[PDB]
Each structure stands twice: as structure tokens, then as C-alpha cells.
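Taking the form deposited in one PDB entry, here's one chain by itself in C-alpha cells.
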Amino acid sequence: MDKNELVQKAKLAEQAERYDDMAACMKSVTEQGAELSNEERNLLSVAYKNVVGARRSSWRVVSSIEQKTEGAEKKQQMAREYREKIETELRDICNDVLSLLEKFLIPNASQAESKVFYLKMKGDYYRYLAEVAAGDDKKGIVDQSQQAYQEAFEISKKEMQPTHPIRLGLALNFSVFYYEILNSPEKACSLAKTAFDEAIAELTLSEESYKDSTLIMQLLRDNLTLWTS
């Protein structure tokens, strides 16, 4: 169908808070193979972030029930099977996003800002796979997340200002990856504190962009105080 109709459907899906529809429209925009403008890339990401986010959050509630039900075997089985159905959707969605990234988005990216945004995405989606990873894949998945992040982060440090939201958002997520997935609060703190100081030191920016950057810096500070007890 027509790219621009698909994009309009994505925006209507978004106003309706129907993120699965929204993702399906943006996915098929992507699959026509032309590079996405910013707006479109934002719609794609917003859609899939909500789709995967509803499942991660459901996965958490149910995993946690499954843990509390050891070892009432029949109840635990109910929770575990439901957990697996959720995980089944979570993996399919991560796989889809990761395949889009590899076939279309990262290949087509013609500016640094896009490259970084998409490699950050790749880190994020491998990270969501890691959150629920079966012991025998976990290692490969975690390596895939950390390399995508690390690659995004190197490009952003050479190509974008320390106060750019994309680069800060990436420092936030990469540092959460180190805490939550790699269990290195050290690494996580030094990453976050580093990005936060670099942005302060630059700090110039306008009144709106000044907010976005501040909001993300607030998240970095918040995690920092948290993680240092």
C-alpha cells in the first residue's frame, strides 16, 4: 500500500493508543526499503517501544507470580505457561525489530544521528531479549547488546554533542544495561556520571532542547544516587 497512507494510519493508531497496529503500519513502511525521515523513525520506535514495553511489563508481573508459587506445582505451572506465552510474543517482536534494523534501518542510515539512534535501538532490543534469555543463548545475546551499544556510543562521542538527547538517552540505556544485565554497578556509574559531566561541561542550548537534555540528565542523576546507596 501507499507509504504515506500507512504513515497516516500509524499516527491515527498512535492517537488511539493502539501500538500493535501502529507498529504494523511502520514496519511495513520500513519494508518498502526507502530511508525513513526522522518523523517516521520516531513513529516506528514509539510504536515498538510500546508494543515490547507492554509485554516486558506483563512478563515481569507474571515471572514474579511464578517465583512466588514454588512449589505448588499446578499453580506454578499456570504462571509459567502464561509467562512463556508472553515471552513468546516478546521474542517475536524483538526478532522483528532486530531484523528491520539489520535489513533496512542500519543499512540505509545516511547520517550519524540516525546511525546512533538505530544502533542504540539494536542495543535496546538485544537487551530486552537478554532480560528473558534462556541460559544457553544468554551469553551471545548479551554480547550482541553490548557491542551494538558500544558501537553506537563511539559514533555518538565523535559525531554529536554531549547534550544531544539521542546521545544522552543512549548513555542512560547503556549504563542501565551494565547495571541490570551485566550486574556492574561500577561500569554503570562511571558511564552515567561520565555522560552527565560531559553534558554539564558543554552546557548554550535553547529553551526546548534545553529541557529534553535536562530531563534525560535528571534520569542519569537519579539512577546515580540510587546506585550509590
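Residue positions are given as counts along the sequence shown, with the first one as 1. Rigid core here is just the name for the largest C-alpha set that superposes within 1.5 Å across the two forms.
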Does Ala72 have no coordinates in at least a third of the other PDB entries examined? yes
When the other PDB entries of this protein are compared, is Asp20 left blank in at least a third of them? no
Between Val61 and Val62, the number of deposited residues left without coordinates comes to none
Higher-B stretch (mean Cα B-factor, as the entry records it), 8 to 16 or 210 to 218: 210 to 218
Mean Cα B-factor comparison, 133 to 141 or 79 to 87, giving the higher one as deposited: 133 to 141
Top Cα B-factor in this entry, restricted to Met26, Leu203, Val46, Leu170, sits on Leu203
Name the third of the chain's ranked CA B-factors that contains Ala195, choosing lowest, middle or highest. middle
Sort the modelled residues of this chain by their C-alpha B factor and say whether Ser175 lands in the lowest, middle or highest third. middle
Looking at the temperature factor on the CA atom of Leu182, which third of the chain's modelled residues does it land in? highest
Looking at the temperature factor on the CA atom of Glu31, which third of the chain's modelled residues does it land in? middle
In terms of its chain's C-alpha B-factors, the third that includes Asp124 is the lowest
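Beyond the structure shown, there is the form deposited in another entry, which is absent from this document and is the topic of what follows.
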Once the rigid core is lined up, just say which one of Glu70, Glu39, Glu31, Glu180 has a C-alpha that travels 2 Å or more between the shown form and the other one. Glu70
